[PDB]
Amino acid sequence: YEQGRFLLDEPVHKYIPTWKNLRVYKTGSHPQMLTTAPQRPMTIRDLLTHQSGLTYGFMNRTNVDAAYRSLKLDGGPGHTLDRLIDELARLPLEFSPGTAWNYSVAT
Amino acid sequence: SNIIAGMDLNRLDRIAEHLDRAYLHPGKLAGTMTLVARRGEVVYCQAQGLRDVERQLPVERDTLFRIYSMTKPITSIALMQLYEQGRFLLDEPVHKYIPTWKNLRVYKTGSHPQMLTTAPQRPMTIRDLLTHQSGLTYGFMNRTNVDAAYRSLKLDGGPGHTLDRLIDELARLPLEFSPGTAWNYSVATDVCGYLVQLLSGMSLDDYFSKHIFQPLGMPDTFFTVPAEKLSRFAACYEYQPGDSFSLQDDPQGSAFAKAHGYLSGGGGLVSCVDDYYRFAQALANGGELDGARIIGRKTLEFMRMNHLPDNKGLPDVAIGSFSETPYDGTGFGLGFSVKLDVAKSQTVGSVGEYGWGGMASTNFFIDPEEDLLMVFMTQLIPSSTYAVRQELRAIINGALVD
Amino acid sequence: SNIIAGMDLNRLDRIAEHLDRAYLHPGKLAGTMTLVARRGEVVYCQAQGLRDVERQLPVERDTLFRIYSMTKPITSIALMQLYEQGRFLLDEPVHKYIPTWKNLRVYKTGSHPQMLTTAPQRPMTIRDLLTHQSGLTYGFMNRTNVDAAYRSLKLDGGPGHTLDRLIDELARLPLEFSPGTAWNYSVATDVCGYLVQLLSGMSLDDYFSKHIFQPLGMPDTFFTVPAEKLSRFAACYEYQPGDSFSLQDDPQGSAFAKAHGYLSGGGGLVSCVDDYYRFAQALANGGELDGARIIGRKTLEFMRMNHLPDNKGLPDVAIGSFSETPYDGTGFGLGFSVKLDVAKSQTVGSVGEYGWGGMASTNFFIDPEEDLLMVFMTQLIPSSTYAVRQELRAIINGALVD
Amino acid sequence: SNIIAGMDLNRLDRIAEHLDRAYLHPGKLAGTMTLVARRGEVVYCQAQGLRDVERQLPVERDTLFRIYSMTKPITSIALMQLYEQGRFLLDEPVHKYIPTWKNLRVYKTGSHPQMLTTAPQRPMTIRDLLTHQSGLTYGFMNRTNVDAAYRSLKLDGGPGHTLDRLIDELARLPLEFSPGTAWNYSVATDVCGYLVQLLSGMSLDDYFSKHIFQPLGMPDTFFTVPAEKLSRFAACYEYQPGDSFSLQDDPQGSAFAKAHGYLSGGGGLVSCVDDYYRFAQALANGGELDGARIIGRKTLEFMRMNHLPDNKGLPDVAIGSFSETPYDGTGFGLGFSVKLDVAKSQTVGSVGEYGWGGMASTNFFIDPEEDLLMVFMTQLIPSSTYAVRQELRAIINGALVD
Amino acid sequence: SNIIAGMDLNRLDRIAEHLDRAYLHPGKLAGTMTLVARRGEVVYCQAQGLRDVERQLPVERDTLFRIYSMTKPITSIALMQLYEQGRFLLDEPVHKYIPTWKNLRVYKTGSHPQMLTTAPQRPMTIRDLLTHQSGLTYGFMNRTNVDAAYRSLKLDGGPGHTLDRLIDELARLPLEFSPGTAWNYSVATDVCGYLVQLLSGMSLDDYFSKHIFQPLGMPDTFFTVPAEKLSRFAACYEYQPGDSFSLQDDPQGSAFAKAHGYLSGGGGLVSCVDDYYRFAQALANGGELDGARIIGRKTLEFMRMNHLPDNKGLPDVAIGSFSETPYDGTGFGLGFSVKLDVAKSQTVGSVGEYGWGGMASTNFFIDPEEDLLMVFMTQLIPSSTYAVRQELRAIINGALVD
Ligand SMILES: *[P@](=O)(CCCCCC)OCCCCCCCC
Ligand SMILES: *[P@](=O)(CCCCCC)OCCCCCCCC
Ligand SMILES: *[P@](=O)(CCCCCC)OCCCCCCCC
Ligand SMILES: *[P@](=O)(CCCCCC)OCCCCCCCC
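Protein chains in written order, with PDB author numbering: chain C, 90 to 196; chain E, 8 to 409; chain F, 8 to 409; chain H, 8 to 409; chain G, 8 to 409.
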């Protein structure tokens, strides 16, 4: 940030283009989850503050973290960051970015 | 100018024209059975297309259908028959009749079998079950860790499932919310079934047969399709992308043809248009048909009231897909939906219009302001797929000419 | 004709079946007298079980009962007879007629006799007394330091208690709240009794006899049971745990058999089913029976209105056990409860349904939408014990078949 | 049992018994004239006591009374006759017809003649005048620096006062509030009088005589009492402490006997019970009596509606003594009060009950639900003194027996 | 007293007296045609003044008028005829039938052609078009950068304008607001016209002629005035200061006389009083006239409901000049205004009163409570200029005498 490499209010999809069309969970089970448009795209500040709308496999509360567990996005054989980013591109968010807080893989 | 009971029959002919043009000819539905009645007189009855595509068999008037959740009004009436004998009160805790449910709690977090819970503000009441404000849910809802539990325990149906098992398993599960505080479509009506058994001493198929089907002359309504009648049983189809459908249940070798031990107050029944018409017409007459009475006129008027808090509609309290725009201006009584605001619903009809549907796109309604009713049979899962029940309403209300 | 006045008598027979199965055979109640009428015609009348368990005497139609708080509607009518002669106005301060009450104040804190108080926003009105918005209370409420004072002064009854004493003692006591701002069941109706005396010049037993009981042909209604009729007087029973009961009042050597000096506008009367039916049927007819009139049709229509602020129900304003779920969707007029929202009450019935009960489980109602009424007599203290009045409503409304 | 038009005449006799016992015998009122009618039939007519105490002259049926503000409904009808000829619209600014009023402003502070003011949100409308939402006031209100100005300019009456002068003086005075935003009893109706003149080309006494009094057969209603009828004119009395009264206006040498230049649309008229009955009965019949029509049935139904914002009662918007408890559940239309909530008013009566009174304790009402009406004449200033109009309502509604 | 259908014809004569005195003699309007009907019977019909001032030609009963926006109810009925054949549902996205509209967006800022936009909460529905909650607008609104775009693209009309062009151009323009969230008078009804074409396969003039004008016997209603009838065509006038008017459209060489390619569902039609009466009377009869039916009774009752959110009036949701005081207590259905609160509107009338007007001061209404209707024709742009439609209502409702 201090080298001017990004700004906190920039969309994440500027640096991760495959995340441009992330959507918010409405209902359904992996892999047939229905979704709604977010009010705005996810920002870097959202990631740094867990307001992304991402979640954690181990949360064990929602159909979304059930998806994280079946895809082993918390860890497990042949898991890389490249895989986490690739898999999250195809998953819904728990809420429109900024509108709530949920401890997440955001970090 | 053919007019019966203030209905232009030429206008009603648009039903068949519409189902052909929009659903049958383009292969979105296999076949339809459509009945309309007003002031006690049947003014429309029309089989169309096929009950079985694979065996090239047509829909006939006597064709048998999975009415699925159109069972719920029948189970509702059954239980309310016992209300009228003073066997219970609506504001009574369920745990009075099901003591193992005294300590039911509300889901906080976790996955089955380690779910954490919180105390409910108050115990679940019979009225909560009859109105889906229990805080119970359905396996197929696919929204929460709680319905994930329902699916892993096969509480919607599956081998060796009985009502006794549903009640035993639900005693150890959390609720989606403190009873009364919200609405969520549920097995609650299957439980009402269990309470009919509990209070009557009879198995649900026997209570139905004795106290509803025999009195009303409904010989073709049952949880299990007799072998002799299985030729009349329609195939069930499910939606496929491109507005097409695939085989979902073969009538030969159907679980509906076997007597497994599960009498589903919620979705179990097979019926035909004629039988459901007699049930509907009985309700339209205030509970009596051809000198047989299944419910008091007043008791029924009570069931058709909106029983949601502060005369709210389903979207004001529903957590589910009953939140969505089609259910705007519609409330819920003791086993029927109730139209509250016609303009808000964006569909022609009358305040008080009551009824329900089945997940296979079966639908019925009773417009008590117009003494008008419709029974619509098809077999396409899920009912959410097409807006056909709304198009039919448009056409039918269109055919009123007094 | 198994149907009288649009009521199936076969369905009404479930009343006796229910009271037997649920209360009498299991020994929860000693005996019941149950009357139902519609469109001026008595369609059900049934004595069951025993008026006196110890002496093995059955309930007969002519059996006399402690109607307790079912006195309140009679006292209400008595006072409103005088409203109709212009003898007072409802919005008048009580202290106009009871000058020693000019400086009544609201309880802040302390125990009798050193209670601190605050100024009320406005003086208590006659309408406040008739609607229990006085801010007066009852000894038996057992909630506040104020009712503790009522008990130590025996303001509910006891040796040497007169109305003159009640009025004199209340002058020196604080109110639970500024008059009009809340609802609390009270001696207010006993005070209405005192105001009937004050304005009429007659003792309350004489006003009742002259202006209500003689006109309506109620020869078996009185504050004191005449010696020659004491054989017909039922025993009173109180609840014991395990859904059982014990002797509470022996009809021989009962204070109701003596003329102590206390004419209780609130709970004093003994009556039979026939007498209370004539009073109820008079009200159902708009104040007239067989050419005798006890109240104007319009005056009565005024008493049956909800007199609570902003058409609120009892739980929106009640501080007491009338806060609880059974009184949801029920308001209060000048001596009657009034059903506001049927669905909210979770009990079948009609908007406008009015009546009241006695602490000994006596109950009556008049459904003005259905021209239907019930009188229920039993002697089990307290009325809160069982939901029998609700079960009877379920069955009775169940028997409507037009 | 004397019954005319569903009214017990024996019950109506309590009127005379009550006025004697409560007002006449104890010397609180000099004399009363009381008329009651229902379904077009006069069922009570009773003069009592004296029209002139000093000259020991009794009240007779033909006795003339200062009806004071009961003029306002007549002025209201006069103006609405012109609404029906399309001569104006209610939502039009007053300054369209009175251009010198374009720049009326709202009182901020100061004393006459140096009052500071603020801009109103919108100009005053005709509807504002007809409903006392003008922001005009009355000299006698004695609450604000504005009514102090009205008194120093004698805008309620006094030597050389004309309507032309009222309109000219009000052009230079501030309003109590932005028009529409509140209610305050006002000269607004005297201004309506001026607008009748403006639009009709006639003097108000001529418009009234031609278009109301002659058609209805009201020969004894006038702003000035003809010399030959001055024998029939009652004395006016004012309240004295100890519930007594003193001479206020001697009928000989009364300003009502002279034609000073002031035709008061607000309080000017003298009438008798018979004349005001014919006016009342015309309204009760939807604007027609004996083949004469003074107003369209629909136009009158419009005037009897509540014209206050959000169907509010007078106390929700009134700044005056019309804030107080007696006006609870009463609204205001185009020159009549309207009962909104019977229970809230604490007085027996019907929703829609409309009418008005005069400052000398004159009163009339029309219960359109019961086709019932009362005219009450007496001469005791002010009308606020006794609750007699409420006692009469109690007795009269008491006498309904269908 | 001539009375037809409970209407005094002598009172109705005030219409002509009023239009003469207030509009014609003072030269504010050129000429009027006024028809009033009640219970199926025409009780008033009166041509007055000139259809063409320049050519000194009088208004006759058969005179043709630019009804402008009184087209909108006809276009509304046309589309709802197709609702009744199940051809669409009101809650369907418009982009289902107009796929190029899938990605319509809401105006944020900028000038045509570089306007920035935001995503709408939901896609535009058919119900939005029929109720002007689309978020579309009109060129002539002259309030926003969006209507500036409509004017530069001549979307209200102009050389080579077709409906095909309107639809193509609107696909590339922003909406004033997210559909449903507000009300703004719009080309939405011209689009409904396009949807009639889309669904019927017919050009709009043909659909109208076949399915409305021929059935109802309206031979003198058309988008283009046939050469042989152009003698009957009135001149259109526009307002000039000093309450005067100037020539706006010469009937000889009028664009209404040419068949340019623009069929305006919003303002295109020319008609006469007799034709519009037949259309109005058909609606007043529940969709049938002399055995011809243009719409189902129930479908029409649906169109006359208030379709605004939470039964709000136009000012609660309108962004335009429909915000203003004249539209208080008026809602909006599927192509008609609906009176909600009579008192609030400050104009006499009934709850349910429905209709609409044209920008040339044409007006009609149907009071379904009184079975009463009016058609008023004149040619003065704009309709906002004079309150004549309100004065006519005052007089007409004034003439009711039952
Ligand atoms: P029901 O048919 C669910 C029956 C239990 C199925 C267990 C797998 O609910 C379907 C929802 C339809 C309601 C209204 C639909 C209109 C056609
Ligand atoms: P009342 O019987 C109290 C009489 C004074 C007794 C003083 C010790 O109030 C009882 C409450 C019952 C109301 C409705 C009950 C339904 C059966
Ligand atoms: P009006 O009589 C005032 C007339 C102008 C007097 C100028 C000094 O108002 C009196 C208020 C009475 C309204 C209702 C009273 C019930 C009897
Ligand atoms: P329409 O006549 C607009 C027609 C399209 C014109 C394109 C330049 O709307 C006029 C508004 C009148 C509504 C009610 C008026 C009462 C007489």
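Idealized CB from N, CA, C, for every residue including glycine.
Straight-line spacing of the CA atoms in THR188/C and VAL113/C works out to 12 angstroms. Interface annotation, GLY293/F: not in contact with chain E, CB-CB separation never under 9 angstroms. Taken in chain order, the members of the stretch 324 to 353 of chain E whose beta-carbon sits within less than 9 angstroms of a beta-carbon on chain G are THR332, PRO333, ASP335, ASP348, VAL349, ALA350, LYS351, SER352 and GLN353.
The residue from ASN9/E, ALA287/E and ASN313/E with its alpha-carbon nearest to that of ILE301/E is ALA287/E.
Residue nearest to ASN370/H within the set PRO80/H, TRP190/H, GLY249/H and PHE252/H is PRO80/H (criterion: CA-CA distance). For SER390/F, the CB contacts under 6 angstroms within the same chain, skipping 5 residues up- and downstream, are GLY364, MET366 and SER368 in chain order. Nearest CB-CB separation between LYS305/H and chain G: below the 9 angstroms threshold.
The alpha-carbon separation between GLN92/C and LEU160/G amounts to approximately 50 angstroms. A direct Cα-Cα distance of roughly 7 angstroms separates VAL345/E from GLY362/E. Closest in alpha carbon position to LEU254/G, among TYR30/G, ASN17/G and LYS35/G, is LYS35/G.
With respect to chain E, the C-beta atom of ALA189/C has no partner C-beta closer than 9 angstroms.
Chain E has a Cβ within less than 9 angstroms of the Cβ of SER118/C. Within chain F, the residues placing a beta-carbon under 7 angstroms from that of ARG21/H are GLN92 and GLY93, ordered along the chain.
In terms of side-chain proximity, the C-beta atom of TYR361/E is found no nearer than 8 angstroms to any non-hydrogen atom of ligand 1. Where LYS265/E is concerned, there is no enclosing beta strand (DSSP E), because DSSP gives it neither an H nor an E. Taken in chain order, the members of the stretch 354 to 368 of chain G whose beta-carbon sits within less than 9 angstroms of a beta-carbon on chain H are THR354, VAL355, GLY356 and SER357. Taking the Cβ atoms as the reference, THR169/H lies roughly 4 angstroms from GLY268/H, within the contact range of under 8 angstroms. Within the stretch 33 to 98 of chain F, the runs of alpha helix (DSSP H) at least 4 residues long that lie entirely inside it are, in chain order, 78 to 90. Sequence-distant Cβ neighbours of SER251/H in its own chain, meaning closer than 8 angstroms and more than five residues away, are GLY34 and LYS35.
DSSP, read as helix, strand or coil, puts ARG300/E in strand. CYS243/E carries a strand assignment under DSSP once its states are collapsed to helix, strand and coil. DSSP lists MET14/F as the bridge partner or partners of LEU407/F.
For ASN404/H, the residues of chain F that pass the 7 angstroms Cβ criterion are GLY303, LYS305 and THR306, in the order they occur in the chain. Annotated three-state conformation of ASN152/H is helix, per DSSP. Annotated three-state conformation of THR169/F is coil, per DSSP. Annotated three-state conformation of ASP335/E is coil, per DSSP. Interface residue (Cβ-Cβ distance to chain F less than 9 angstroms): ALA44/H is not classified as such. Chain F has no Cβ within less than 9 angstroms of the Cβ of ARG239/H. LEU276/G and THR306/G have their alpha carbons spaced roughly 24 angstroms apart.
The CB of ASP98/G comes closer than 9 angstroms to the CB of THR332, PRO333, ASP335, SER352, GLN353, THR354, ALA394 and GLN397 in chain E, given here in chain order. Taking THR107/E as the centre and dropping the five residues before and after it, the same chain places the C-beta of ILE174, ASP175 and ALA178 closer than 8 angstroms to its C-beta, in chain order. By the CB criterion at 9 angstroms, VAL153/C and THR132/C fall outside the cutoff. Our two residues, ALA29/G and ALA394/G, have alpha carbons roughly 11 angstroms apart in a direct line. Assignment of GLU360/F by DSSP, reduced to helix, strand and coil, places it in the coil class.
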